[PDB]
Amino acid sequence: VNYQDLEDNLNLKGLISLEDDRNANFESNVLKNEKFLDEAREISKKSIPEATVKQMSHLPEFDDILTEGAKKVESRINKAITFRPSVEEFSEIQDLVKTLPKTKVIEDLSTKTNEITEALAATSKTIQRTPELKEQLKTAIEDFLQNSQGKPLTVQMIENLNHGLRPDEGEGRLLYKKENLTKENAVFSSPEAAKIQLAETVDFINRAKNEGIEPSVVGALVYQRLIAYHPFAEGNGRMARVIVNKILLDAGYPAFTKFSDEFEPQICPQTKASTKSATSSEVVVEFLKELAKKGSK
């Protein structure tokens, strides 16, 4: 638990202190949050016959039954994303950041817009084959970079960004997801827990910048948890890559595209127990390695 004796030129200690504070308040901010609990209660009751609901309502344990599964899932996710490295992983992250290419001059807003657009294009064959879609996403990226320039990030900025990154949807679509979704075999936060921890991630991004915490490590953690939270109905991948690439490009690092195909399913905790899931620190290491791999190309 103690890192007082380890070399630190990335403010990882200050980063770990932010995660410890957020983690210490996770139970109250999420597990004891009544909007979260009410969501779990309603969803759970939809599968229970009304005769059984009337019967169970006389047992004091009934509320814990309705909410236990939801709380365990969020706790599982929070355990996967909370950054608390070992002494070995701490020094390893120190060496890995030194291997990243970092440009002295930071690109202007127009240039950042193009590079973040191209980073999304490399991930999707549809963006490449569809010039109209790429131009639409380019505008959303430009709008997000204009509104967030020299200003603290806000959830409204992310809502607008996510909506901008979904131009092929059709009118009237819900912004946020309306139910718990599963990706392949992975678990995501409940809609309400995702909204709660989306705002905490925003606070996490601002504090890390104010505290001078290594942006590449910040980008890694932000990528993992946004994907794990999955707040929005669609476009969570695009949105995460745009936010992370802003954090990186603001620091002069190359834009991020995607993890290896073998490593992506390890980011989230899974429903198939045989799949080994990666810890938050392991995600950071593989992120920095992937970022340094783009300095070779």
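Residue numbers here begin at 1 and follow the sequence given.
Between the two ranges 254-262 and 64-72, the one averaging a larger CA B factor in the entry: Between 254-262 and 64-72, it is 254-262 that shows the higher mean C-alpha B-factor.
As stated in the PDB record, which stretch has the larger average Cα B-factor, 286-294 or 3-11? Stretch with the higher mean C-alpha B-factor: 3-11.
Select one of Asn206, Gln146, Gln224, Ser216: the residue whose C-alpha shows the highest B-factor in the crystal structure entry. Of the candidates given, the C-alpha B-factor peaks at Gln146.
For the listed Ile127, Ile77, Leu174, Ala199, which has the peak Cα B-factor recorded in the PDB entry? Each of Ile127, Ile77, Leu174, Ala199 was compared by C-alpha B-factor; the highest is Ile127.
Relative to the other modelled residues in the chain, which third contains the C-alpha temperature factor of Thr271: lowest, middle or highest? Its C-alpha B-factor, which the entry lists for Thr271, ranks in the highest third among residues of this chain.
B-factor third for the C-alpha atom of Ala140 within its chain: Middle third by C-alpha B-factor.
By its CA B factor, does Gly150 count among the lowest, middle or highest third of the modelled residues in the chain? For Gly150, the deposited C-alpha B-factor lands in the highest third.
Lowest, middle or highest third: where is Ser280 by C-alpha B factor in its chain? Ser280: CA B-factor falls in the lowest third of its chain.
Taking the entry's C-alpha B-factors for this chain, is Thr111 in the lowest, middle or highest third? As the PDB entry reports it, the C-alpha B-factor of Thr111 lands in the highest third of its chain.
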